[PDB]
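Written out below as structure tokens is the structure these notes cover.
Numbers restart at 1 for each chain; the letters A, B, ... are given by sequence-line order, proteins then strands.
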There are 2 protein chains.
Amino acid sequence: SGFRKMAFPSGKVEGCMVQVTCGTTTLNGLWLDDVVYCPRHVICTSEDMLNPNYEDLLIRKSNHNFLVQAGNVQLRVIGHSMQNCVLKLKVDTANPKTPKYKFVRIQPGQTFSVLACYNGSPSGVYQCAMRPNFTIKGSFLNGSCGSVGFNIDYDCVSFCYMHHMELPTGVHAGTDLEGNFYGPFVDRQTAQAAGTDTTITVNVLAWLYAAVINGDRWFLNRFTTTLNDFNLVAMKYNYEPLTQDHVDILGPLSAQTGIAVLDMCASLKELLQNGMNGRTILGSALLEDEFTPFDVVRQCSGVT
Amino acid sequence: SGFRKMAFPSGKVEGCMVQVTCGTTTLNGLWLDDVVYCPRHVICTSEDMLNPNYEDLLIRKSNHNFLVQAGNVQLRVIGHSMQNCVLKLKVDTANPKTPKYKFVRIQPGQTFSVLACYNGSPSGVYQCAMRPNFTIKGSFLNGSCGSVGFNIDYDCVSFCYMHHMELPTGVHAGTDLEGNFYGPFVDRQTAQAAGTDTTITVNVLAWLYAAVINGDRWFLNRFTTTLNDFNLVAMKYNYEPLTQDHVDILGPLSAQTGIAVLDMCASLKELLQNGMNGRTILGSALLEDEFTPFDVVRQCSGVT
Ligand SMILES: *CC(=O)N1CCN(C(C)=O)CC1
Ligand SMILES: *CC(=O)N1CCN(C(C)=O)CC1
């Protein structure tokens, strides 16, 4: 019993973190096989970041300007290319600690672990979601860019996030491992506002199921609702519309608990309309939306 | 910017997790050098757990009854001993992945990471505190005992917790790595109630500092207080009494933010007396008490 915001074990990714230095800019790279992936802004001064022309900045850079250090051993860079907003540095040594891995571009509402790194050194691991506005609410200081987000399925690491940007509102933007930003963000120091932070309704319902499974049941009520009625309430409270797809995804938790998805929707509806009245659910005083249905099933069943 | 509940990277500990099986009981062991540490209740059936005599149960067990498996390779057990509530199994192979490590018995209020494991396989990592009642609020299913709690200082893992027990109230009890329970708990299936879950006042103040550092300042007020006055309010709200030691520990965060500890106490006092009025602090709707001052400094400075 007990339900906790849980990151994947980080060991497989710790073995991939390197330090990348270009001139006086140091940040993190991801070493998989004989390629090191890092944010292209490694080639910028802080001055450059106001309006960088990355293609033009990169022409002044050679293989030997990319200093790549794995712990205390330097890697030889034998090639470099820009793919969207990442650099790929070809090194002469395959990372012996390369796990089975994929690159996946996640959807908003999907959760992942972040291994926060500075100078290619892991500092900590926490769990995030891709917000509906394509920001993440991370913990990133200067030197943390090139830190990556990942899921693990048994032995395969799916890398979904590389850290690039803080918005002036203190939220985070980054790319998949093909260097494409999540959302409309750019690697430029300009006016970039996050859109509405909508709540991930399917994840809240997943977490309400988690609560029931672990004994927190005070918020169960005698009511039911419809997708259309619930969605009127979701609209009012900046919740993502609930779809039949979301209902289908909640089916297994529905089945295990014997609480119909639409009944749990009616519970959530009452929580939205009435607040928690100073009570808590799984030790939270607000509605948690960074557990996916898959996260709840994983944690509630003990998958490794 | 951003402040997140952050676990240590788990890689160094992942390399220490093994499966221990005795008869039909499987749980986790910790392999450091040529010793595997596991809960002594590995020798129990669920029936035994009502009133086990561990010394008597252990007499029926030989080295060859302790099946120890590191991934897919079996370790040869060449000796076994009971130390308090843990077994130490001597194996013929030093764990090649043994990190620099210490065994430390933490104090209530101290935080640590847990690598949740099943069958010697890591499932996830989350951050805990030793509660003032010597429980922890974990996420542990059957098969998770022998999972360990740890801090990392640069390269040295300090192991402080091994998981043993769920109380019927869904909170967790365990031992340090000398097999001594935190609090008055025993490895027996009996009536064991947790005492008062008091809030770790120094950790809440640490987290209020973290908030100010990261831009959440609405709860700062024009008031100050005294240790004695604050403690009257702490008493009323089941908060640990604040000591001069706690004030001294908050000094660096005091210094960095320029907010006197006693002024932040007065902010906390008003939060206790008035609640958050539907507002949030670092994305929480309650007062977080599982960041230590050391945790706030670590995360706010980017230590690795
Ligand atoms: C020095 C510099 O230009 N930096 C430091 C490394 N980063 C990040 C994003 O952490 C870029 C800015
Ligand atoms: C089968 C059995 O007796 N078990 C399973 C392993 N554990 C724990 C504590 O996870 C003990 C009970």
Side-chain angles (χ1 to χ4, degrees), chain A residues 124 283, chain B residues 3-6 8 104-113 127-137 149 151-153 158 160-161 176 182-183 194-214 216-276 281-282 284 286-301 303:
Chain B
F3 204 81
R4 269 276 185 188
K5 187 62 68 59
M6 199 175 287
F8 292 95
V104 302
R105 182 175 184 78
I106 56 164
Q107 292 300 317
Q110 290 309 105
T111 61
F112 60 84
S113 310
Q127 192 65 4
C128 281
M130 187 49 56
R131 301 309 308 177
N133 64 4
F134 299 101
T135 65
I136 75 174
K137 297 174 152 148
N151 290 275
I152 313 185
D153 176 280
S158 282
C160 53
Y161 182 83
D176 63 24
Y182 292 99
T196 307
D197 209 357
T198 63
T199 304
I200 312 145
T201 316
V202 69
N203 289 4
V204 174
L205 290 163
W207 168 85
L208 288 177
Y209 279 109
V212 169
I213 292 172
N214 293 280
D216 290 353
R217 317 207 150 104
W218 62 260
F219 55 83
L220 295 186
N221 59 32
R222 305 175 155 279
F223 315 145
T224 198
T225 184
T226 66
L227 270 191
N228 290 162
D229 179 69
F230 177 80
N231 281 336
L232 292 184
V233 176
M235 177 90 75
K236 167 163 147 70
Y237 288 91
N238 298 141
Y239 267 62
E240 292 296 276
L242 201 63
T243 68
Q244 187 57 43
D245 276 9
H246 297 136
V247 176
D248 296 350
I249 283 166
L250 291 168
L253 287 178
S254 190
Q256 191 197 319
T257 57
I259 298 168
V261 176
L262 281 181
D263 293 0
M264 191 67 90
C265 289
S267 277
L268 173 49
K269 167 167 151 194
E270 290 304 297
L271 279 170
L272 287 181
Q273 279 170 357
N274 300 329
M276 326 236 324
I281 298 172
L282 293 173
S284 170
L286 56 63
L287 299 172
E288 293 296 329
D289 81 334
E290 298 196 343
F291 300 101
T292 66
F294 296 106
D295 292 339
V296 172
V297 169
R298 182 165 330 97
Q299 186 167 165
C300 283
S301 87
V303 179

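- Inter-residue side-chain proximity for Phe230(B) and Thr201(B) is flagged as met; some heavy-atom pair is nearer than 4.5 Å.
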Discussion item. The test is side chain to side chain contact (heavy atoms under 4.5 Å, CB included); show your working for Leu205(B) and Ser267(B) and say whether it passes.
Written reply: CA-CA 9 Å; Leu205(B) 290 163; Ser267(B) 277; over 6 Å; no

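- Here the CG atom belonging to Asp245(B) is positioned 11.0 Å from the CG atom belonging to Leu250(B), to the nearest 0.5 angstrom.
- Of the candidates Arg131(B), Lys137(B), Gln110(B), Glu290(B) forms a side-chain hydrogen bond (donor to acceptor under 3.5 Å, both in side chains) with just one, namely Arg131(B).
- Using a 4.5 Å heavy-atom cutoff, the side chains of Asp295(B) and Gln127(B) are in contact.
- Using modelled atom types and a 3.5 Å distance limit, the side chains of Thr198(B) and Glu240(B) yield a donor-acceptor pair.
- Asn151(B) and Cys160(B) make their closest contact through ND2-SG, 4.3 Å (heavy atoms, listed as atom of the first residue, atom of the second, distance).
- The CD1 atom of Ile136(B) sits 9.5 Å away from atom OH of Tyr182(B), with the distance rounded to the nearest 0.5 Å.
- Here the side chains of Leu208(B) and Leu253(B) are not in contact, with every heavy-atom distance at 4.5 Å or above.
- A donor-acceptor distance shorter than 3.5 angstrom exists from the side chain of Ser284(B) to the backbone of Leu286(B), with no hydrogens or angles considered.
- The heavy-atom pair separating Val202(B) from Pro293(B) by the smallest distance is CG2-CG, 3.9 Å.
- Qualifying side-chain hydrogen bond (donor to acceptor under 3.5 Å, both in side chains) partners for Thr224(B), counting only residues two or more places apart in sequence or in other chains: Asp263(B).
- Across all non-hydrogen atoms, the minimal contact from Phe112(B) to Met130(B) is CE2-N, 3.9 Å.
- Side chain of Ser301(B) to backbone of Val297(B): a donor-acceptor contact under 3.5 angstrom is found.
- From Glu270(B), atom CD reaches atom CG of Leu220(B) across 12.0 Å, with rounding to the nearest 0.5 Å.
- The shortest distance between side-chain heavy atoms of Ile213(B) and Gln256(B) falls below 4.5 Å.
- Checking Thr135(B) against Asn133(B) by side-chain atom types alone, a donor-acceptor pair falls below 3.5 Å.
- Two residues are said to be in side-chain contact when any heavy atoms from C-beta on lie closer than 4.5 Å; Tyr209(B) and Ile259(B) meet this criterion.
- A heavy-atom distance below 4.5 Å is not found between the side chains of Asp289(B) and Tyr239(B).
- The shortest heavy-atom contact between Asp197(B) and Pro132(B) is OD1-CD, 4.1 Å.
- In the displayed structure, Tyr237(B) atom OH is contacted under 6.0 Å by more than 12 heavy atoms of other residues, nucleotides or ligands.
- The minimum heavy-atom distance between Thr226(B) and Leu262(B), with the atom names listed, is C-CD2, 3.9 Å.
- By the 4.0 Å N-to-carboxylate-O rule, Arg298(B) lies too far from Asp153(B) to be salt-bridged with it.
- In this structure, the separation between CD1 on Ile200(B) and CZ on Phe291(B) is 11.5 Å, given to the nearest 0.5 Å.
- With rounding to the nearest 0.5 angstrom, the CH2 atom of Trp207(B) is 9.0 Å from the CG atom of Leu268(B).
- Checking side-chain atoms of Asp176(B) against main-chain N and O of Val104(B) turns up no donor-acceptor pair under 3.5 Å.
- A pairwise comparison of heavy atoms in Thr292(B) and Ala206(B) identifies C-CB, 3.9 Å as the closest pair.
- Heavy-atom neighbours of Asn228(B) CG from other residues, nucleotides or ligands within 6.0 Å: at or below the threshold of 12.
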Discussion item. Set out, in order, the CA-CA distance, both residues' side-chain angles and the distance that settles side chain to side chain contact (heavy atoms under 4.5 Å, CB included) for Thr225(B) and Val233(B), then state yes or no.
Written reply: CA-CA 11 Å; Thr225(B) 184; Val233(B) 176; over 6 Å; no

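- Side-chain contact, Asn238(B) with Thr196(B): no donor N or O sits under 3.5 Å from an acceptor N or O.
- To the nearest 0.5 Å, the span separating CG on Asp248(B) from OG on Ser254(B) amounts to 10.5 Å.
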